[PDB]
Structures are given as C-alpha cells and as structure tokens.
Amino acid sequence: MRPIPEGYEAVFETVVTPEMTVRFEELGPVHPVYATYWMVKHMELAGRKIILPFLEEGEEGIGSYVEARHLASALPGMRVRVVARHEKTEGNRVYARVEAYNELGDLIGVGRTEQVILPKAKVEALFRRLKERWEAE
C-alpha cells in the first residue's frame, strides 16, 4: 500500500432513514434516533475510503477495530456527515480518527478505527479455512 498522508481525510454523508434508528432483535424499537451501531458502520465506511486510493495490486482492507462515543443525537430525516482522518499506519495496520456531525452542526460522535491490509488471497484463505473447520463438524 502506498503511504497515506498524515491527516488524509475521507467523508461519508447520508440522511438518517427510519431503518437507522435504535431497534434490536428481541427488544424491538428503543429510541427514535440514529443508532450508535449505524454510526459505527458509517465510521468504518469513511475509514475505508481513506485506504482505497492507496491500495496496491491484490491488496484488501479488513476492519479490525472500532470505538465510538455517542455525544449528541441525529433525528430521522436529518443529514449526517462522518469525517475520518488518517492518524497513522503501523506495519499493515491503518489507524483513523473519526467525527460525526448532524444537520445542525452538532458533534454527535467521536471514534477511532483500525483496518488491516492483507493480500486478497490471504483474506480468502482465512475465510476458506474457517469454512473447512465448520464442515469438519
């Protein structure tokens, strides 16, 4: 992977849909606002946009870690902007800091993600081996 510039920024913009509110299996609807786990999905997405421009032939990125602190809320129908910035790269691991804002400009979340860069063949091999073990059962 080519070296990612320090502070390289990638963004993901969306609008909170009804399907993005806090709703769990078993428990059902909980809160009529943008869910933390949806924010996490979008933070991972913004983080992935940081590495795509730099991936070399046969390389792939896989999510390895995520953390997010939910500071404020975003209501259904509101625009949401997620901004990921390259913090550093250690070996084959890319670190990014992320921030999310709602339509009114409120900071609704802060987080960090880690992505591991591996040959697509290696990734396929890992999933392949897991499948074999499962079949062996």
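Residue indices: 1-based, along the sequence shown.
Q: Could you check the entry and say whether 89-97 or 57-65 has the higher mean CA B-factor?
A: Comparing 89-97 with 57-65, the higher average CA B-factor belongs to 57-65.
Q: For the stretches 116-124 and 7-15, which has the higher mean C-alpha B-factor as given in the deposited record?
A: According to the PDB entry, the answer is 116-124.
Q: Against its chain's modelled residues, does residue 109's Cα B factor rank lowest, middle or highest third?
A: Tercile = lowest for this residue's CA B-factor.
Q: How does the C-alpha B factor of residue 47 compare with the rest of the chain: lowest, middle or highest third?
A: For residue 47, the deposited C-alpha B-factor lands in the lowest third.
Q: What third of the chain, by the recorded C-alpha B-factor, contains residue 82?
A: Bottom third by C-alpha B-factor.
Q: Give the position of residue 72 by CA B-factor within its chain, expressed as the lowest, middle or highest third.
A: For residue 72, the deposited C-alpha B-factor lands in the middle third.
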